[PDB]
Structure formats: C-alpha cells, structure tokens
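Before any comments, here is the structure.
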Amino acid sequence: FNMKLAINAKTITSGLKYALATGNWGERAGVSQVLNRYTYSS
Amino acid sequence: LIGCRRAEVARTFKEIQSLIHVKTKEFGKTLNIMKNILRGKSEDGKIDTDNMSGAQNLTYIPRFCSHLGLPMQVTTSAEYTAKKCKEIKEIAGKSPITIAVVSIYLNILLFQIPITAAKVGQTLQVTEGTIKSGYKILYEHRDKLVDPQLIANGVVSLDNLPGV
Amino acid sequence: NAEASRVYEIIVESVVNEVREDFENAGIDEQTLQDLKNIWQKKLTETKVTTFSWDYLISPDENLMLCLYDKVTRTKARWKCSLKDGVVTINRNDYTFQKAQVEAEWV
Amino acid sequence: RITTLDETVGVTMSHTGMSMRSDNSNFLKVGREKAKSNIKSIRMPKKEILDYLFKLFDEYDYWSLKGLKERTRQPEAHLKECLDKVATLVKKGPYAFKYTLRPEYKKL
Amino acid sequence: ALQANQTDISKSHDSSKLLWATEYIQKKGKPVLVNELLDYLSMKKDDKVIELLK
Amino acid sequence: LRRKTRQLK
Amino acid sequence: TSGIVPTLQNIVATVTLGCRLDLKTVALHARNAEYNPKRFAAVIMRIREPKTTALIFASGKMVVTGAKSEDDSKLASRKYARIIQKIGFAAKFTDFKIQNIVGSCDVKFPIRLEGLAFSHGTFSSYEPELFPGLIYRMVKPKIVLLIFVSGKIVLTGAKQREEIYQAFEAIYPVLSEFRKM
Amino acid sequence: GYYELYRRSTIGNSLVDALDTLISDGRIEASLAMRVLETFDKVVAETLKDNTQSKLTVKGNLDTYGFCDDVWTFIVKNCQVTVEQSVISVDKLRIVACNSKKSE
Amino acid sequence: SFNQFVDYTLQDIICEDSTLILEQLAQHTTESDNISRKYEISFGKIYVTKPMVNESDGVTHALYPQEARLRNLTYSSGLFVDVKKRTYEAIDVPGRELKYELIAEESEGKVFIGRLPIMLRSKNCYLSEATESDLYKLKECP
C-alpha cells in the first residue's frame, strides 16, 4: 500500500480547473466567463 | 527517469522509487539497457547532452532547499558551494545527493538558520552521520567553498561555521 | 562450578521423577528407581568432573562442546558463531552456558 | 472554521509527490506479509514418499492438489509424477479437480 | 552407504510393494518366473501382495 | 466462496 | 608506455569429472565441506595451500575459484579431484577451462569520471548514486572495466591473461586524457 | 522433536553406562531404556533453556569446519576460553552445534 | 459565498463519506488461516494553505495574483486532510458473529488531496490583509 498512489490529487485539481476554465459544470454551460475589463462599470 | 532528465528537471533514484516500487538492482539494469537502446536508435535511427550524466548535482539543490524552506540567497550559495565542491578529491567520489546535501548544510549554518542536521537528514532521507562526516571534509577548503562576493559584502563570515 | 553442579542435579532429578510413569507402565518396581539413581550418581562422581551434593579427510580426554547455534557467518577467513543453551567439557571440567560466542580465524 | 497553514509553502509540500522520504507505514503491507516467507525443499527418495502417499490416501479417499503439496511439503514437479503413478484426477465429475487413488489398489 | 541406503521391503502399505513389483515386471523383455520375483522382494512364502498381483 | 473483499458502509 | 602491469586477483575455472557424486557422502567424509541443499545445490569445500574454493555439484561438475594464477587453479582443481578420489568416487581430472579472470591495478592519479561518461558514451555508464565507479564495456577484447575516481581500475571478463593486459594498454591513453587538475 | 547430541556429553554418557549396566543385569527392558533417553532429551533441553545465565566466549584458530544435516562442526585449536572470569588454555576444542530453531 | 464554502463547506463534505472499510473475511481453506481482517481509512480535519505554485524543477513558493496573470498560472491553494489508517482482526469461529478487535496498528499525517482555486480578495487570498500601499507594492489596483 502506497498512500501516495491511493489518493490522486490530480482528480480534485483538474475537475475544479476544467470546470472553471470552461463553463461546463460537470465531471450546465456558460457558468464561467472571461471577466469584462473594458471599463470599470463593465 | 529518462524523461525527467531530458527535460532538465531530473529527479533522483530514491524520489522515483517513492512512487514505483522497484528495488535498485532491477532499476539500474533496466536504465542501462534503455539508454543503450536509445543510443542504438540514435545512430541507426538526438538523445543526450551534458545533462544525461548521472551526477548533475546542481539540479537537485533548488528542490532540496525548498523542502527545507530556505531563502533563495542560501540556495544560490549552496549551488556555488556544490559547484566548487568537485575540485576536492576526498568528496568528489561521493554520491551527488550527499554532495548537494552537505553543501546545503554548510550554507545553512553559514547564514545561521536554526535547522539542525537531525532534521536536514530526516527531510532529505540522508543519514545524519553522513552529513556531519562530509561536513568535516567541507571544512578544510572553506575559503574555496564560499562565494567571494558574499564574504566581501559582510553577509557571511567564515567564523560562524563551527570547527572541530 | 556450582552452576554446573546445580544444573546436573536438576537434570537427574527431572529424569528420575519423569520416568516413574513409564516404569509403572512396564510394571517395574519402585526400588529400581533408587538403583538407577544410585548408579547414575556414582558414575557422575566417579568421572570427577565437578563437585556434587552426593589431512584432507575425516578420520573423558577430548575437550568437547555440545550446544545449539543461533547463527554462524564468515568473512573471507573469519568465522563468528552465536551459540546458545549448551554444555562444554574442558580438561575434565564441565561448564554450562546460556549463550556463547566463537571468534576463530580460518588460517 | 477551517485551519490555515502558516508554514512556508515549500515545507508543507515536502511530503507530496516524488519525495526523498520513504514511507514507514505498516498498513496494508499484504505483499510484505506473505512474500517474506520462502523456503525450498529437496526431492526426497521415491521409495519413501510413495509409501507416504498410500497412508495418506488411506486417511481420506479424495485429496486436493493444494492440500497434498502442503502435507508432503515437496515440489509439485516431482510430486506430480508419483501422484499420477498412483492416483487419478476426475475433472468432469462433481468432485472436480481432486485426485483419488486408482481403483486397482483402492479395491483391496 | 548404499547398503544402508537400500530400504527394507517391509513398506508402510502392501499396495506400495505391489506397485514396485508391477514396475519391475514391465521392465523385463520376457516373462519372469516367481523365482525372479522372490529374488526381488524378500518374501519367499506366499505373500498377500503376490496374490493381489494375480 | 466469497469475493474475499467487500465494502461495509 | 604505462610501465605498470595489472595484477590478477581471481580466476574462476570449471572442471568436470564425468561421474555422478553423492554430495552427502562428500560432505561427511571431506575435511572442510559445507553442504546445505536448501540454499544451493552443491557442496562448498575449501583448501588452504592454494586458498581456493570449489563448488562441487551432484553431476560431477566442479567450479574452482579464488586462485591468483592460471597454474595455481590447476593445482587446486587437481587436489579437489584427488580428495574426491580418496573418498572412493570415480573421479578423473578432465577438461579444465578458465571461464573468468579478474585483475586490478591503479594508474596513480585521479580520473575525471564525468569525462569518460561524456566523451565515451557508447561504452561507459556512469550512475554515481548507485555505484561510485564508472563501468567501461570495452568491445575488443570484450572486457568490463570499473573505473574509480581514486585512479583504481578493475578488469574482469578476460578468459586468458593476454586479454586483460591488452585491455589495460588500450584504456591507459583515454584515462590519462581525463586527469583531474 | 529434540536432538540426541547430549548423549555424547558427560551426563549422557554416564546415563548410558548406567542403563546398559542395568540391561546387562537384566533388570530393565531395552525398549524401556530407549523411553528413558527420549525423555532425557526433553529434560536436558528444557533445563538448559530455562535455568542458566552464564556466558562464555572462545577465541582461537579453526583447524577444521563442516556442515551437514543442520549440524555445524568446528575444531578450534590454540584457543582461549573465558567464562562469564578465568581464561582456560585449550590445545584442541571440538564443537558440535545443532540448529537453534528446533526442527518441529 | 466563497468564504463560507472554504471555511465550513469543505469540512462538511469530507465528513460525509470519510470512512472506507475493506473486510477480508475468513476464507476458510485451512485452520491455520481463520482470521478475518478489517482495514479502515478515515478522514479527519482538512487544512488549506496560502496560494502557491510549484515549478517544473519541483520548487514551491508563494504565488501572488500579478505573477499568475503574467505567467498563465492558476491562483490556487493546497488542500490537506488528516488520515487515520486502522486495522482490526477477529477469529472467525464457524457460524458465529465476529468480535473485531484493534490489532495494534493505528497509523496517524497530512495527505495532499489537490489544489483549490482561490477567489481574489477573499479570506484565503494574499490581498485581503493588504493596505492601499501594500496593493501598490504588489502591482494591484486598489
């Protein structure tokens, strides 16, 4: 038993990154968008 | 191991053995075979540079210092000490891991960071006796193992290194 | 050696006490135990070993050690034996040891 | 609330991934438990083992392979020769994969 | 050592004696009289194994 | 014979 | 050119007798015999005058080792066969072939191992966190050299005394080219 | 099972002489004598394993070694033997040692 | 919402299916093998670090938002959990319920379980404790 292999930290890291990089809330769309920085009010 | 070495981020045998459960003998024989195969297909079918050589100790120091949480200034001093440590024949034959660890330990006590050898060897999985044994050899040549600029400025003095 | 005598008394006491059941199985009388005990003791004191209460091939008076070995190893000429729970006879003198170390150099 | 680690980030990550430290845990080291035990045995004379199998077969009329090798404690290679010479295995019957003494000597 | 290596034919079970007798019989080019068998195993009198062979 | 490995909840 | 001749340290010679032995008999009637069939399938025996060890197998094959000379191995093997003869077994001295010769020497100056490992990459393997010595696999004669920082060379693999000398005479130049300081 | 090596020691030899002398007298059965020896191995093994604490060491030169059937055999010549105090000079000490792990 | 999630929800999620039990039953083949084992992995408290980044060579250092934007890095922190590894064993007498007993092996360390992206100007971000001058030093807009 190697605890370093039993728990794959990549699972949490990728799932949160992929869901936040795209809007695809899974593994709903458009949940994450590139923040507007055209002007402060935007 | 080959992949890490080709990327200039090479690891050590122990570090890879922490994940893949293979004892040393099979690891070494397989590595020698694969290197021959890659060389064979490099000629008939590049592969290696100065990096492919086993020692390449300077690459280990930044990560080993990070595990101990030292500031970047100490890491650069450790790299200089390890780089110049190959001129001494009494230490040059030692394993690159010990060469890097003892150089790191020498600088740890040079800048007076409160980290004892009991934890330096416990963190980098190196016998404490080996660390202190090697430190004695890296004490007769201290003037050649410390960066001239650091001593010139006044950041470090050689009297802060205990002498046996 | 007092320890050697003490153990020897223990051994003979255990033998005579333990063998009684089998003797009754064979239907031999009680007095035979006393005769067996007596003759055995007289033999021990007759040996006068210790004080008592009473070529390339293989071919009392000989010094002999009978024991058990825990582990024996060698290094290129040098043999190291870790023995335990043995009895030795040297120059008509007997000793008993819980552990023993043999360090001999194979010339 | 959750507890935030105030240590240097590099120090906290020294246990993670390809680390110079080796695990000292004895948990679920199943491979270590049975791999440690190992011993070889030399083939004993046929004249003795052959007799041993007959007393064994007199004890029980059906012997499994694993049980037979355990009781004899001999290599399966040599053991197979004598077992086939004395007994036969019924594979398609209800007592499948079990050797039994041949009828020639059993019927006595 | 070989003389002591030889094992007394008084085996644990009568079946083993028959097994060796059958093996010895098959390795003969021609039929062997009872005399040859009696020479093989130290059983001159009428033994049960001899009957079991028949 | 069982699966020699099962999970209890 | 070098002026230094490597010295032989071990010779592994194999001999056959053409007869089947009873290892237990040899172990019990030989002076210094160690027969443990659980670990190995031979009786290990040693003699003192040439100081050699012999692995005598149940098939009549013998593996003599430890002799410092080609002829000394012959004397050791002959004596081992004679000891087997005096036991009573049918043992005759027969084909004697030296299967390996090990020699050692020192060039008397430090050698930069990182250099041979780089310049000669098709022969040399340098992995210094496993073994502190560089491994040079010469192609002609086919011999393996262990090169160390202290300037000590170990030659192994030669089947005659000529190849071990030939290998060293062919390795001295490349070793001198990489002298530290 | 227990080893029979102790019969070669002083106590074992004396017991054999006693039992055989009685056998010659006809007052003891031969098989009964064997029963005595089998139990003799048990008691000697138990008492030696439990009722001793002395430690002695011998240093010398091996003149002959040997191993077979889990029984080592050393012959140490020109050896010094110390018990627990006083050294003993021995010209030839023969050692017979069986396996510590009793063979079932 | 992010502060609530990091502070309270993360601990709650891990305290729902924290226990994983693997039971190795008797496997009656011989009476020398009649013990039944039970291995348990349990999750304890969860810890979160400050934002950090690990380079290719394996060196980890604190990451600030300005560097993350320029270097195409993800602004995230690490998550650690205390793991307890217990093993019980019991004698499986035929036809009886077992009495599992702790067999003197209870290992009890922090285990990395991934990286959590950090919302800026949150409790776990470096800019929550920064003054106006500090933001200017860090090349952040007040």
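Here are the numbers:
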read-out: Lone qualifier among C:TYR95, C:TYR8 - being part of a strand (DSSP E or B), within 7 Å of another protein chain (Cβ to nearest Cβ) and buried (at least 18 other Cβ atoms within 10 Å of the Cβ); value: C:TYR95
read-out: Qualifying residues in the stretch G:115-125 (those that are surrounded by fewer than 23 Cβ atoms within 10 Å (Cβ to Cβ) and within 8 Å of chain B (Cβ to nearest Cβ)) - the one nearest to B:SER53 (Cα to Cα); value: G:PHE118
read-out: Scope the stretch C:49-73; condition out of contact with any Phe, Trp or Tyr (no Cβ under 7 Å at 6 or more places or on another chain) and assigned to a strand (DSSP E or B); matching residues; value: C:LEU57, C:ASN63, C:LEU64, C:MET65, C:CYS67, C:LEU68, C:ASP70, C:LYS71, C:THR73
read-out: Test result for C:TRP106, within 7 Å of chain H (Cβ to nearest Cβ), more than 14 Å from the chain's Cα centre (by Cα) and hydrophobic (A, V, I, L, M, F, W, C); value: yes
read-out: Selected residue (criterion: surrounded by the most Cβ atoms within 10 Å (Cβ to Cβ)) from residues of chain A that are β-branched (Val, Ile, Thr) and assigned to a loop (DSSP other than H, G, I, E, B); value: A:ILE7
read-out: When residues of chain A are limited to those that are more than 7 Å from every other protein chain (Cβ to nearest Cβ) and aliphatic (A, V, I, L, M), the one farthest from I:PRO142 (Cα to Cα); value: A:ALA6
read-out: Search result, residues across the stretch D:13-34 that are over 20 Å from F:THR5 (Cα atoms) and surrounded by fewer than 12 Cβ atoms within 10 Å (Cβ to Cβ); value: D:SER22, D:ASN24
read-out: Unique match (being part of a helix (DSSP H, G or I) and either among the polar types (S, T, N, Q) or at positive phi (or both)) among E:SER10, E:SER16; value: E:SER16
read-out: Every residue from the stretch I:57-94 that is in a loop (DSSP other than H, G, I, E, B) and among the β-branched types (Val, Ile, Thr); value: I:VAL59, I:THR74, I:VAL93
read-out: Test: residue in the stretch E:37-51 that is farther than 30 Å from G:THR25 by Cα, part of a loop (DSSP other than H, G, I, E, B) and among the acidic types (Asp, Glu); value: yes
read-out: Selected residue [under 20 Å from C:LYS43 (Cα atoms), at the interface with chain C (Cβ under 7 Å from one of its Cβ atoms) and touching an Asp or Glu at 6+ places or on another chain (Cβ under 9 Å)] from H:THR10, H:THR21; value: H:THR10
read-out: Criterion (surrounded by 16 or more Cβ atoms within 10 Å (Cβ to Cβ) and in contact with a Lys or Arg (Cβ under 6 Å, 6 or more places away or on another chain)) met by exactly one of G:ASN10, G:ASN32; value: G:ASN32
read-out: Listing of strands (runs of 3 or more DSSP E) fully contained in chain H that carry 2 or more residues being aromatic (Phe, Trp, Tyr); value: H:55-67, H:71-83
read-out: Helices (runs of 4 or more DSSP H) within chain D that include 2 or more residues closer than 30 Å to I:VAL48 by Cα; value: D:9-12
read-out: Count of the stretch H:43-65 residues which are among the small types (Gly, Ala, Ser) and surrounded by fewer than 20 Cβ atoms within 10 Å (Cβ to Cβ); value: 2
read-out: Filter result (in contact with a strand residue (DSSP E or B) (Cβ under 6 Å, 6 or more places away or on another chain), of a type in the set (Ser, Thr, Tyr) and closer than 15 Å to G:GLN9 by Cα) within the stretch G:59-82; value: G:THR65, G:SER73
read-out: Single residue of the stretch C:18-73 satisfying the filter (of a type in the set (A, V, I, L, M) and closer than 30 Å to G:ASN32 by Cα) that is surrounded by the fewest Cβ atoms within 10 Å (Cβ to Cβ); value: C:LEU57
read-out: Selection count, the stretch I:1-56, where residues are facing chain D (nearest Cβ under 8 Å), in contact with a strand residue (DSSP E or B) (Cβ under 6 Å, 6 or more places away or on another chain) and assigned to a strand (DSSP E or B); value: 7
read-out: Qualifying position, being buried (at least 16 other Cβ atoms within 10 Å of the Cβ), on the phi < 0 side of the Ramachandran plot and within 19 Å of the chain's Cα centre (by Cα), among G:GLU163, G:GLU70; value: G:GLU163
read-out: Pick from the stretch I:43-57, criterion farther than 18 Å from I:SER122 by Cβ and not hydrophobic (A, V, I, L, M, F, W, C), ranking: surrounded by the fewest Cβ atoms within 10 Å (Cβ to Cβ); value: I:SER56
read-out: Condition check for B:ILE20: among the β-branched types (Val, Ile, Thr), surrounded by fewer than 18 Cβ atoms within 10 Å (Cβ to Cβ), part of a loop (DSSP other than H, G, I, E, B) and touching a helix residue (DSSP H, G or I) at 6+ places or on another chain (Cβ under 7 Å); value: no
read-out: Filter result (among the basic types (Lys, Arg) and more than 14 Å from chain D (Cβ to nearest Cβ)) within the stretch I:64-98; value: I:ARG69, I:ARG71, I:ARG96
read-out: Tally, over the stretch I:101-118, of residues that are out of contact with any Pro (no Cβ under 8 Å at 6 or more places or on another chain) and either surrounded by 15 or more Cβ atoms within 10 Å (Cβ to Cβ) or among the polar types (S, T, N, Q) (or both); value: 10
read-out: Test: residue in the stretch H:62-69 that is more than 9 Å from chain C (Cβ to nearest Cβ), within 17 Å of the chain's Cα centre (by Cα), over 21 Å from H:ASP17 (Cβ atoms) and charged (D, E, K, R); value: yes
read-out: Test: residue in the stretch B:91-99 that is touching a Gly at 6+ places or on another chain (Cβ under 6 Å), in a helix (DSSP H, G or I), under 24 Å from A:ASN2 (Cβ atoms) and within 14 Å of chain D (Cβ to nearest Cβ); value: no
read-out: Residue list for the stretch G:73-114, filter: among the acidic types (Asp, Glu) and surrounded by 19 or more Cβ atoms within 10 Å (Cβ to Cβ); value: G:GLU114
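Neighbour counts are summed over all protein chains in view; Cβ atoms, including those assigned to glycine, are modelled from backbone coordinates with ideal geometry. Here, each number is a calculation from the coordinates, and none is a lab measurement.
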